[PDB]
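> Pasting an experimental structure with its sequence.
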Amino acid sequence: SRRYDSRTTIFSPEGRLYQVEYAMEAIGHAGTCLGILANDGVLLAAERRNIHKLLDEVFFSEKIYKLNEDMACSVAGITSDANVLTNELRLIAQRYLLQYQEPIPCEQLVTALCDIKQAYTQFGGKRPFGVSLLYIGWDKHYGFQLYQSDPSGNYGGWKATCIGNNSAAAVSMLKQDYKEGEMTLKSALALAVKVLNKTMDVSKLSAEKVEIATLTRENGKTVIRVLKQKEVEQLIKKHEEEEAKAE
Amino acid sequence: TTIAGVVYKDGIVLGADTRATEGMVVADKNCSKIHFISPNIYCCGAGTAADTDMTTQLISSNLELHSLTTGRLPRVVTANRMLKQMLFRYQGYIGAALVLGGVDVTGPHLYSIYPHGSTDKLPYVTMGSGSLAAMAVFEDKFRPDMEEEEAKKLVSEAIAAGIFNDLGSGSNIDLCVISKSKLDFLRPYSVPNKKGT
Amino acid sequence: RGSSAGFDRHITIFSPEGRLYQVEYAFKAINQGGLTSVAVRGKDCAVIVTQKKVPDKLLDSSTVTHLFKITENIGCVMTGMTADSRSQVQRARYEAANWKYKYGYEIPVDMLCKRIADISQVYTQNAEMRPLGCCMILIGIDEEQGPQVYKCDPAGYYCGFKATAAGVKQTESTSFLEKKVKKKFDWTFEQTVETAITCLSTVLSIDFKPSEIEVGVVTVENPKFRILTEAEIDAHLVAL
Amino acid sequence: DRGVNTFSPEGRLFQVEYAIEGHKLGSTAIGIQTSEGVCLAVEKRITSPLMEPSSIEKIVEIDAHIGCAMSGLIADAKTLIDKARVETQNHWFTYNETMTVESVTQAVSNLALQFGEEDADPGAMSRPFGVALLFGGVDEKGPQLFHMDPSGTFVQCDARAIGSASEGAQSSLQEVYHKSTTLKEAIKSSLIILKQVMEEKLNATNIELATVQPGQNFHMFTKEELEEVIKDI
Amino acid sequence: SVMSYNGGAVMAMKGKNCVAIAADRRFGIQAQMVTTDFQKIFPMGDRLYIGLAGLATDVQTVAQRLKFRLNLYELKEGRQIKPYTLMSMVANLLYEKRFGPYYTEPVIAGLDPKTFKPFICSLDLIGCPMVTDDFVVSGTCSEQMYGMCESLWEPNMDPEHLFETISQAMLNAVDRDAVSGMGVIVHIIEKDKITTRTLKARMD
Amino acid sequence: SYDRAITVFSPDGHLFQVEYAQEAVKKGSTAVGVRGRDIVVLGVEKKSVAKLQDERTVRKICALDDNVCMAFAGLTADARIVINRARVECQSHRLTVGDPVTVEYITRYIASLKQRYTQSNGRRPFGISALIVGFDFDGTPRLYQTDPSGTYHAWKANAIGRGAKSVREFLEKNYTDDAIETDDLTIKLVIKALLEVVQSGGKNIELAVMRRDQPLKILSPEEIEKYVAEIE
Amino acid sequence: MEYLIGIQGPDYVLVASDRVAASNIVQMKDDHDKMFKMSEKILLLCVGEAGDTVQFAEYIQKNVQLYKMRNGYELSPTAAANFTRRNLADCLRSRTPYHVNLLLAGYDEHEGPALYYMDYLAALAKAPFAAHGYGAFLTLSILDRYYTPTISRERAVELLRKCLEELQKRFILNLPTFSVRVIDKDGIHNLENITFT
Amino acid sequence: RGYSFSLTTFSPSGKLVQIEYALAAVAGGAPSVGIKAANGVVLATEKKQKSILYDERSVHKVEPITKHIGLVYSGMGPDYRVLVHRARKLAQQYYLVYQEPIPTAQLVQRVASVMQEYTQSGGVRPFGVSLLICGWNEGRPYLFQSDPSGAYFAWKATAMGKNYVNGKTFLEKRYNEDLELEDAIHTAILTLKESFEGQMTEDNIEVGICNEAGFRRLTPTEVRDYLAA
């Protein structure tokens, strides 16, 4: 019936799309996620949102979701939609491999997903997914990459981005400490830790409020490895030391 | 293959041999032909072994669902009805022949099921390629209201007669005894043949 | 008390309290007919009694019945909207026949009740249709347990009872039956018809004539669902 | 609020009543029927001198003996033009003869009003069209000129004008026309009225003109002949 | 016959905490050889291989669909598959086409991921799984390798003696088949090693 | 299935959904294109480059075929869908008729799609405007322009987006057969036509040229940088 | 029958084919093209039933061109061979299966030359030389005798000439002319034709 | 034939108030409690009948799904029944394909996918129920929880229904990681006892356990002994 319809897919008197404008503000309040590209690999570093003592850490991660032998992602927004999107990405990668007998490139994966995100804004009467993604990967043609999608369905390659909460100030401080071409993985980790330390309202990090993954090429093979609590603690100690020494 | 079941005083006894062939050559020497359907219902199979496996697995899944949904023991009549309805729906193209048997709240039952979907309830029955050899022994020695040990003796002798007179059977004898309380499975029950030293 | 926001009182969507107002209105629709039923189960018998108030004397009252037969050993009594109840009785008959056709034996009372209840739960969720405004009560003999008495409702809730009562006077007609399950197993013998008639009369003050009720019966001695004659009803009434 | 199909207290079909108002915002066209053929003429209404004028096609050819001139939503008119072409070719294929202007106007008018939003078709229209048409041609009875509306009502005319200045264009066409014209005086007067009512200056690149006559095919005027005619006037 | 149109021969044997699988290399059409490096054994897991024989197009298709499904499974669950689970999945895949089936007979050989207990099995064209404890064969010289394995097999063998036996069986089996040969490759799946070898055979 | 009339008429015969789509396309970054003697050129403005992107992934100038290219304004997510459908159409035409498409053929295809999304049930209109250029087998350059309504024209030179209201007045007065004689003349014309709308100063512009040879060549930042100095 | 051949060298993939287009006892054409270029470095050769060849080959070519136009780089020979096998196998059990025998030659910026064989059942191989047709039986043993893994292009054309001469002497069909071209680093290069006037 | 438009939409602040309202519905059910011990899990509910007329034996709140999984709920019973039926079907399909019993995590993922589908389709409302799943596979006990939106977690001790805040506030203190299953039952019962407003009885509550041998709900004769202490 027409009385109960909410008209999710129409234009506004100024050319806007209100449901997408509201899903973006939904994504505005999620947990902070950040990525950084370097000479020898990429890295993700999210923030743990559920810190209750009575929880269980059975999973190898909370917001990583290895998608393929060469890629991985991270989400912000609604977990329920995130699960659907992750299943779809895995299916797309396997269909590509079945047709060509080679792994898929990262831009083709991101494109095939953003088409699905866009088809939810033009017809159907449904509502759109309230999820933003970051991707990392490695392929034959361009090597280490790092992308980002949004609810509307448009993406873009970056070198150091950030979504979630306080991502504005995160990117603002990222612009002044990133130097193109000279960054190694260790300086990347240092900058990531020192950005996460500020853009989180808490007094100081805890090595369990964070979650860190990297990506490298070793012996003609891609390795995607989530860092461990002790490693993270050591990194935090290193950050604590040098910062303290300066002043 | 030779399968044979009997109805004694307080339950059922089924049996089979353990040789699978492919043409004229022995493929397996321990092929198992007595399948689980429910904690009180079992089944034997002859014919296209892939069809037997598929059909019995599907029926076992359906019966587990039905029992979970009602909350009580399932029934041999329900299993028989499901099987025959499927087999008739497929017009004989699924080539399985079955010796379903169990014990429910009503007592011991024993059915025969054929590839086209026709059924028949009986007190004893045989199937396979040595079915005539086992049926001769059954006709010659079956007595109503028998006891457990003699039922086991009779069914093992029928299976042995099928094994020694049929080129497509041999190598071992399984037995499965179902009563109102127990559920006894005897996989290496008899070993009439031993390889030369 | 419970605020509203949007289309809450027009379709089956959650209120700011999670209340589903459009389902609280079918309960009020139940009280529109103006009748009352009472079912009591005994040690070897289940009994149904139903008010029979015809408006005036031009109707052929041999057709105004609230008692129905589902299978040979299952009987039912409706309360609420008449055409709704007819559609529900047709659905129950079809379910009961399909069960026998599929599985080879006769459907139990609780299985039939659960089927009707999940059929109604769907009307509680989709927005294009409305819930049926009627209640249902079932009786029968289970070969394993014995007598059974079950009741559904427009929300999809299908508990089981020792002695029920549905209709306009539900609260007090159950407050009466509350006092009598204290001892003697609520007179667990074939004369629970006395208890049913007494409970129906206590809060209505009618002292019914030999033809303003209907009664139905199943027994362990004869399992089929029988509808007692006027003379039989009169004898019980006369004894009272 | 309402649906697309909804009568009014006068039984008027709101959406059709609006699609009709969508025509008083187009550029004027004019057709005229003679005993020697028909002529069509339409203003081009150039916007800025950077737009190519040879890219405004408002007078198309349906077949070797029928032409059409439109006004309204030029984006909408194209499906109608395509379907008319296809129908004429089907008629040739099946009966080995040419269709008739009456039959083409009638078949095109049957697409109007075929809209709705429930149990209509797999892919169906959601609103009425917003184009008025003008057919011309010759057949086994002679030159004919028809007119079509978004409501689906088609008439037969001898001098019709559609557009945003028609209430003023017909007030002159009714005085100019007579049953004893020749196509040449027809062309002259059809140009004089255009010049009368337009906002710009009637020169040889902001107008269009075509003619069908019993002898020849559908033929469009050239920037040579057109210029000569304008200068001659 | 259709399953005798490209030839082929696969074989698996079980030892004491070790498995072994072997195949031939010839790829040809009815009576003419084309290449001699055809792959018929696929690494489904860390210590879990599958060998396919029959029509070569269906060998390739079934291998590719199986890799599809196994990748999806190991991404969704979070661990590696077991030999028993893989056999059921392959049987389901083959039975989905009960009418109009693939012409291929697979063979599985692996090690239990936590007890390191061997496993061998073979399936028929329609998906009938038979698990054994000594050896399985499949191909055009099935009877020849039956005759070889029954005589040469022993229980509780070392990897060395297992390799010797499976190689000595495959050689003499394919030396009497017209549409098999051109060399043999042998994989030895131990607990912490996977040794591969190529034997010298006849090329006629 | 969703079957509702999203875009419908209004009093005074307006289509509010199409008018809103155009109000949206009036907010993109400016694009400019001209038609040369033996060359065709386009040019798009970059609002901000953000010092951290990879420009290889945010290009607003694609290539539909060997001889056709386009550039848009509006919504990138809709532009991508339109572009891929146009690519599939070019391949189908090549397959069936054994000849590369004309520019007007692909312009008609795109405009037909855009119009179909204004009269179907359960859809909103596209929110982009395109400029299509290229060469044909004759050797004649073309330049067209579509609208969210499905109407298209052919132009000497045009500008879409914001600031086009002044870019058009500038280009109208300055376009003449003299600034057309050579490629390094027309390119400076386009550059100074874009610069007075770019209020940032310098080059925040992408510029692609397409000649009868070495198709869809894209000028490097350094090369485009040289021309700016020459103008001053 | 039509003729096809391919020879892979250190950095070249020399191929060849014939030019006859017979219909019946007559010859309809004399210079027919059995090579379909699909990319700047990929060639596709076809034989078999009329209609099937061209219908099948043009479909592959349009899909390869579309891939390039979408993604900004070209397919590799391996990807093209696998795409071809897939599309050919998916039609095998459908309502209309093709009857084409193929040969894919290529060259890539990492792995070098590549030569793929594919019969009409969609089984894909990789070889240092191959051939389709009835003349394959006669020319497969000259290549066996004289091929070398490090052969140069000067000698490769020599060997191909020897094969074609053997065909001229010993075949019962009349095949007078053959196309010859090479795919090296610099794309495809048409070469001199070989005629036996 | 059915509506095709969504009934859950975004608000000017990015909220989904239909899901928030389904959660407000869940916050008004009956208390539930789960506690994972070193060798098993425990589910304990409040099965309080309205009056003495109701036959208690007929309806249960603690149900099995397979031979090793069982669950309880809080919220709406008619919705709980639909979820139970679809979970049983999901487990049977998995066993049909793999000839293996499904793991608890895969079960929870599929159930939460269904619950999520009911937040974005046309013409439906979300479920008004949260679940508490139990299981044991590969020598380890599991305990998950599913929300009306489709988001699932993993806990060591949780609490639903009315007075869940104080429930988990009390649950945090006592919980030990070395706790045996028999001594965990006391804490589960005690937690329920804090907010009961009445007198405990063998028919006021339901209790299910899961260890190495499978899932089963305790019988009133055993609940009696456990309540004696």
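Sure, I can see it. Numbers count the residues shown, from 1 in each chain, chains lettered A, B, ... in the order given.
> Okay, helices next: where are they in chain G?
G:52-71, G:77-89, G:136-146, G:153-170 (DSSP state H).
> which helices and strands sit right next to the shortest one?
It stands for helix G:136-146. Here helix G:136-146 touches strand G:129-132, helix G:153-170, going by 3 or more Cβ pairs under 8 Å, 6 or more residues apart in numbering or on different chains; DSSP states H and E. No exception for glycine: its C-beta is placed from N, CA and C like everyone else's.
> With respect to burial, which of the ones you listed scores highest?
Per residue and on average, the most neighbours among the helices and strands packed on helix G:136-146 fall to strand G:129-132, with a mean of 22 (mean count of other Cβ atoms under 10 Å in any protein chain shown).
> What is that strand packed up against?
Here strand G:129-132 touches strand G:4-7, strand G:100-108, strand G:112-118, helix G:136-146, going by 3+ Cβ pairs under 8 Å, 6+ apart.
> any idea how far chain G is from the residue of chain F found nearest chain E?
Of all residues in chain F, residue F:84 sits closest to chain E, at 25.8 Å by Cβ to the nearest Cβ. Taking Cβ to the nearest Cβ, to the nearest Å as the measure, residue F:84 falls 7 Å from chain G.
> show me what contacts that residue?
By Cβ atoms under 8 Å, 6 or more residues apart in numbering or on different chains, the contact list for residue F:84 reads residue G:70.
> from chain B, which residue is nearest to chain D?
residue B:89 (33.7 Å).
> so is the closest residue to that residue other than its chain neighbours in a helix, a strand, or just coil?
Spatial nearest neighbour of residue B:89, excluding adjacent residues (Cβ to Cβ, 6 or more residues apart in numbering or on different chains): residue B:117 at 7.9 Å. Under DSSP: H, G, I helix; E, B strand; the rest coil, the three-state class of residue B:117 is coil.
> For residue D:120, what are phi and psi?
Per-residue torsions, residue D:120: phi -90, psi -60 (degrees, to the nearest 10).
> now swap in residue A:132 and tell me
Per degrees, to the nearest 10, the backbone of residue A:132 is at phi -120, psi 140.
> again with residue F:42
Dihedral angles (degrees, to the nearest 10) for residue F:42: phi -130, psi 170.
> mind putting the helices and strands packed on helix G:136-146 in JSON lines, distance to residue B:173 included?
Below are those laid out as JSON lines (distance: least, Cβ to Cβ, whole Å):
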{"stretch": "strand G:129-132", "distance to residue B:173": "57"}
{"stretch": "helix G:153-170", "distance to residue B:173": "66"}
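> if I pick residue 115, what's in contact with it?
The chain I'm using is chain A. A:153, F:80-81.
> should've been chain F
Neighbour list for residue F:115: D:75-76, D:78, F:149-150 [criterion: Cβ under 8 Å, 6+ apart].
> on that earlier part again, of all the helices and strands packed on strand G:129-132, which lies closest to residue F:117?
Minimum separation from residue F:117 across the helices and strands packed on strand G:129-132 (Cβ to Cβ) falls at strand G:100-108, 40.5 Å.
> and the angle from the closest one to helix G:52-71?
Strand G:100-108 and helix G:52-71 are oriented at 30 degrees to each other (axes from the mean of the first three to the mean of the last three Cα atoms, to 10 degrees).
> In its sheet, which strands sit next to strand G:100-108, and in what direction?
Partner strands and pairing direction for strand G:100-108 (DSSP bridges) are strand G:42-48 (antiparallel), strand G:112-118 (antiparallel).
> Residues contacting that strand, please?
By Cβ under 8 Å, 6+ apart, strand G:100-108 touches G:4, G:6, G:8, G:11, G:13, G:15, G:39, G:41-49, G:52-53, G:56-57, G:76-78, G:80-81, G:84, G:88, G:113-120, G:130, G:132, G:183-185.
> And the buried ones among those, selectable in ChimeraX?
Selection of buried members from the contacts of strand G:100-108 for ChimeraX, criterion 16 or more other Cβ atoms under 10 Å in any protein chain shown:
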select /G:4,6,8,13,15,39,41,42,43,44,45,46,47,48,52,53,56,57,76,77,78,80,81,84,88,113,114,115,116,117,118,119,120,130,132,183,184
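> Cheers, nothing more for now.
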